[PDB]
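To start, the structure under review is shown below, and the notes come after it.
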Amino acid sequence: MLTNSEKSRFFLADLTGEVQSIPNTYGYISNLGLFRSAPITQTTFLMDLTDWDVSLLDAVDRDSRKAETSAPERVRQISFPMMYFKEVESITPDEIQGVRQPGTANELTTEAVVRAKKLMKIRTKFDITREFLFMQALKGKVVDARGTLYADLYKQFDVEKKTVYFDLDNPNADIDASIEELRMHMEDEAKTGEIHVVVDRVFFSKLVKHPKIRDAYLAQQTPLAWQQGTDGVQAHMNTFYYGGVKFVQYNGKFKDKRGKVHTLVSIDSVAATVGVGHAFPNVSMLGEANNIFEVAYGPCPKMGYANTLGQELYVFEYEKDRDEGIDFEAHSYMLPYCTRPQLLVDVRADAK
Amino acid sequence: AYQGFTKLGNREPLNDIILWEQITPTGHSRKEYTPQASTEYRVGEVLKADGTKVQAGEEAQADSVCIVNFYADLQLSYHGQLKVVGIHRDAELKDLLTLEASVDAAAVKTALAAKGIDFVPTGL
Amino acid sequence: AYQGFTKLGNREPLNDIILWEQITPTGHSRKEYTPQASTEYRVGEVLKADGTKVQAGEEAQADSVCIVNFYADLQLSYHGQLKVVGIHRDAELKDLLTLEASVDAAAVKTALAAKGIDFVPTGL
């Protein structure tokens with residue numbers, strides 16, 4: 001579309017669309033869809049814990065008519081708090097009066113375009129927060145981005161955490177033993193009638209450098225074999241399969257309002273130079289029967305929403321009186337958690 | 001029951017003190033305090049600038065009026081939140097303050113009036 | 001062009017800082033200044049009571065936050081008006097202040113906060 005030249009008011013030039021630039025938005029965990037939404041009607045929710053045990057029978061003779069019995073059941077209860085997020089925005093005529101929109105030579109900006117832009121930005125922010133909170137929940141501790149602690153599943157369910165150490169730096173180290181230990185722990189402690197481990201760059205490099213694994217790794221480099229996932233930023237992420245356990249490299253990271261960088265895959269009080277990873281089972285395909293990962297949602301303090309079902313994200317609009325502008329608001333009341341914390345295992349690439 | 005009578009307790013006071021406040025996107029009129037250890041908060045209490053309750057001899061240091069009910073053992077408010085909240089400016093409140101022993105109510109009211117807090121007379 | 005690169009300029013900041021201001025028939029929260037000679041004005045700058053931009057050691061004298069872009073050579077603002085407008089009191093603004101070299105931000109914020117100006121936390 002024609003526009004004034006760069007150095008003459010009387011000569012025209014041809015303009016072209018805008019070149020957008022958007023920050024990276026990692027969504028690997030959210031993309032899997034293994035977290036099941038569970039809206040709540042109030043500010044607190046409870047749950048019941050149940051379990052029973054069985055033992056082998058003994059062969060009794062037919063005529064004695066002696067029999068056996070079984071022990072009874074036991075029950076317990078738990079409680080959970082929730083976290084609140086909120087941010088505000090505003091739009092006024094001063095942002096619309098005589099402002100050319102970037103993509104056009106003459107077309108003027110309008111209220112709808114600005115509204116859409118701001119809503120998209122807000123949704124992106126909330127999605128990034130969702131991903132961060134999901135990663136924190138998978139770590140086993142729901143810690144707010146500013147450090148506040150809201151839930152400790154290990155203490156809540158009365159179970160400790162296991163860590164598996166890989167001596168990758170030792171050429172004589174054993175990897176099959178560690179993998180089998182992880183698998184057997186996961187199988188034994190599942191307590192119910194496909195294992196993924198999210199791995200760091202350094203850990204992945206150390207693992208694939210090992211002499212005892214190059215033979216298996218180099219055989220999988222054929223593209224036909226790889227196709228047998230995306231984080232939203234990279235369309236082809238490194239993957240390594242061995243011993244029935246799939247290793248995935250995840251490089252997501254986000255920045256806080258203070259500029260502090262938070263790496264999604266990390267263990268508290270551990271040097272970044274040391275390889276680190278987290279292991280969990282894949283449950284997404286269970287769908288409606290997925291009782292292991294859930295997210296709760298609650299109502300907002302607004303008058304018309306006191307006792308209604310929760311929502312993913314509330315949006316409200318208000319005038320500023322005397323038609324001087326418009327205001328926006330965003331609300332969310334969410335808490336992710338895992339009902340089988342014993343299945344979450346840390347993985348390290350350093351000796352004991 | 002053995003000896004007949006049984007009692008299950010009374011209802012805690014609700015948050016209805018506020019009659020008018022300066023509504024703003026950022027909650028202009030409200031401030032949040034970190035709860036002190038081994039202390040229980042209820043609606044209508046006066047808090048110092050450090051979150052501790054005002055006692056006799058320092059009415060001039062009154063800072064805000066409590067707005068939530070907080071449980072010491074749970075370390076959690078009745079709405080499932082981790083922090084206490086108090087109004088410290090630009091509000092009109094029902095005259096239902098709760099004060100510690102020997103605290104001068106008039107002195108506290110005068111101290112809070114400087115920050116723009118007014119009290120409306122309440123009926124019996 | 002010769003040497004390849006060609007740059008045409010940059011957007012001046014837009015007037016979207018205000019999040020809440022006390023709307024009144026005569027602009028209770030705004031003031032107008034007579035711009036000084038040959039000084040550029042951009043949104044976010046801090047102005048003294050005389051319309052001159054704040055400098056080192058003048059934090060206590062901070063008066064208002066500029067809101068209109070003024071072109072020195074053109075002698076009029078980007079909206080074709082002959083005065084500079086700065087927010088004076090009773091408003092909430094984004095944390096996007098522009099400060100001259102070596103000017104402390106905490107002192108300026110404390111000085112402005114006394115007049116009834118609050119900054120909603122913001123970040124990227």
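By order of appearance in the structure tokens: chains A, B, ..., then residues from 1 within every chain, and ligands from 1 in the order shown.
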
Checklist entry - Got a sec to pull out which chain A residues are within 9 Å of chain C, counting only C-alpha atoms, and send them as a list in words? => result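 That gives residues 6, 88, 89, 90, 91, 92, 94, 95, 98, 255, 256, 257, 258, 259, 320, 321, 322, 324 and 327 of chain A for chain A.
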
Item to check | Residues near range 102-119 of chain C, cut-off 7 Å, only C-alpha atoms, skip fewer than 5 positions along chain, as a PyMOL selection string | outcome: chain C and resi 55-56+59-60+62+89-95

Checklist entry - What separation in Å, quoted to one decimal, exists between CA of residue 182 in chain A and CA of residue 199 in chain A? => result 14.6 Å

Item to check | All strand (DSSP E) positions in chain C, as a ChimeraX atom specification | outcome: /C:18-21,30-33,46-48,62-66,70-71,76-77,84-87,91-94,117-120

Checklist entry - Which residues, written as number ranges by chain, have at least one atom at most 12 Å from residue 76 in chain C, with only C-alpha atoms counted and residues fewer than 5 positions away on the same chain left out? => result C: 34-41, 68-71, 81-84

Report the closest atom pair, with its distance in Å rounded to one decimal, for each residue of range 175-212 of chain A that has an atom no farther than 10 Å from range 262-268 of chain A; count only C-alpha atoms, sort by chain and then rising residue number, and write it as CSV.
```
residue,atom,partner,partner_atom,distance
A:198,CA,A:265,CA,7.5
A:199,CA,A:265,CA,7.3
A:200,CA,A:265,CA,6.6
A:201,CA,A:265,CA,9.8
```
